[PDB]
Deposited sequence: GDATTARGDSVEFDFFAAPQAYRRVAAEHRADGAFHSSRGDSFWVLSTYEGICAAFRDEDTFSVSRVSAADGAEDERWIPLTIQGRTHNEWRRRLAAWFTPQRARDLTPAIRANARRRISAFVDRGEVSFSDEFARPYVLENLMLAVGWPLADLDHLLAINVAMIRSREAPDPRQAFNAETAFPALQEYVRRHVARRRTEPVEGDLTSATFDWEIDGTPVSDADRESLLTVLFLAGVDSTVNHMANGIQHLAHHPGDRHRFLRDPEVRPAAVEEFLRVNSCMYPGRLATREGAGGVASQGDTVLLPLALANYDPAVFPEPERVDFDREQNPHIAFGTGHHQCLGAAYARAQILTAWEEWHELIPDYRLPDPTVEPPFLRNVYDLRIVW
């Protein structure tokens, strides 16, 4: 066992795994203790076997499993398809262009604070049906949560907001609006409760901004430091979708948890153990991704699981992809050449509280 803190950065996960993993996992004695799976095949299998690796608070749909979870996903699917993402892409594109245009003349920006976070949140609000006049309010909630408004009142403010949104749509339902649609939903033969409605809307808010923003930021930070890759992205548009997938692989950092239900789970765990599924290890397994630390837009096999796999695979994957690609497209139209302030120091992986300054 090792005294390993699961709040560690991806690089730390990978170093600890390199030194301590055997049989596809290492064990942490920290806190209540937990296993960390370290292989692509083992993590994929765990995501795909909920009878062995359980997800079971009530956060819809993240913490429910079985037939009720499948029914929630069926009801939600229409608002999160690739076709819906395409339908919304002219709005996403105009959003990116408007925002980047407003700071091109400065020659600098704090990428995530001034651009990516309000961009992504605006896009989320459009998809979910939250009035865009509320963006500044919701942005303040989101920022207070990152910087943990403040730690005490941020989440209560979000809870009041979703309660008020439900009440707005119940008074004036809108055809095609997600919240309005849920007033007609049944799950397991029972009308959806306002408590589950509020849970769903809360999960969408908490899931739908930060991961997208930080993938946008870590990707542009790499391009700003690597002129060869920047030039490739700029001059070879056909490679851009592959580049987005390669950055999703490389910049993965979530570590979804599961509860082992049986002896020998994953080859290593026992009944009652917490098991973590770090995407920073799955997506860097050299058995599947040779030279895993290398950003290679031409990587021939990129079966990454940046969005998970199995039944809980990210609902927002198509929408996140559209936002990242579109933002980087519009960025390179207006700002084809750019750099980090000191372009020859190795920058850190961006997570939690950071300030990504780009100049041009």
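Checklist entry - Quick one: where does the model skip the deposited sequence? => result Since the structure holds only modelled residues, the stretches it omits are 1-9, 66-75, 168-176.
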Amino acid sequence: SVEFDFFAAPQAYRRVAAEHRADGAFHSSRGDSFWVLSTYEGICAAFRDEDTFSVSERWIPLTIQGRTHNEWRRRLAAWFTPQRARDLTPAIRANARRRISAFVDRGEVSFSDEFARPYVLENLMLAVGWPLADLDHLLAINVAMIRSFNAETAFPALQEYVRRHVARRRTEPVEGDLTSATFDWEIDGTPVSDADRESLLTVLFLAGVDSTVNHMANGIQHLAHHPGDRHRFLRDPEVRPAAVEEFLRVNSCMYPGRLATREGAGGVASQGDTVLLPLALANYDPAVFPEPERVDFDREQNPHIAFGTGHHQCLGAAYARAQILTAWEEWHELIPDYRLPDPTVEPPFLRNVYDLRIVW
From here on, numbers count along this sequence of modelled residues.
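Checklist entry - 211-219 versus 150-158: which one carries the higher mean Cα B factor per the record? => result On average, C-alpha B-factors are higher across 150-158.
Next on the checklist: So, looking at the entry's B-factor column for Cα atoms, which has the higher mean, 328-336 or 292-300?
Outcome noted: It is 292-300 that shows the higher mean C-alpha B-factor.
Next on the checklist: In terms of recorded Cα temperature factor, pick the maximum from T39, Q323, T309, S56.
Outcome noted: Of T39, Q323, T309, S56, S56 has the highest C-alpha B-factor.
Checklist entry - What's the residue among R117, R169, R262, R240 with the greatest CA temperature factor in the PDB record? => result Of the candidates given, the C-alpha B-factor peaks at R169.
Item to check | Ranked C-alpha temperature factor of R163 among modelled chain residues, by third | outcome: Highest third.
Checklist entry - C-alpha B factor of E245, ranked within the chain: lowest, middle or highest third? => result As the PDB entry reports it, the C-alpha B-factor of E245 lands in the lowest third of its chain.
Checklist entry - Comparing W130 with the other modelled residues of its chain, is its CA B-factor in the lowest, middle or highest third? => result Ranked within chain, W130 CA B lands in the middle tercile.
Next on the checklist: Sorting by Cα B-factor within the chain, modelled residues only, which third would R99 end up in: lowest, middle or highest?
Outcome noted: According to the entry, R99 has a C-alpha B-factor in the chain's lowest third.
Item to check | Cα B factor band for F80 (lowest, middle or highest third within the chain) | outcome: Lowest third, going by the recorded CA B-factors of the chain.
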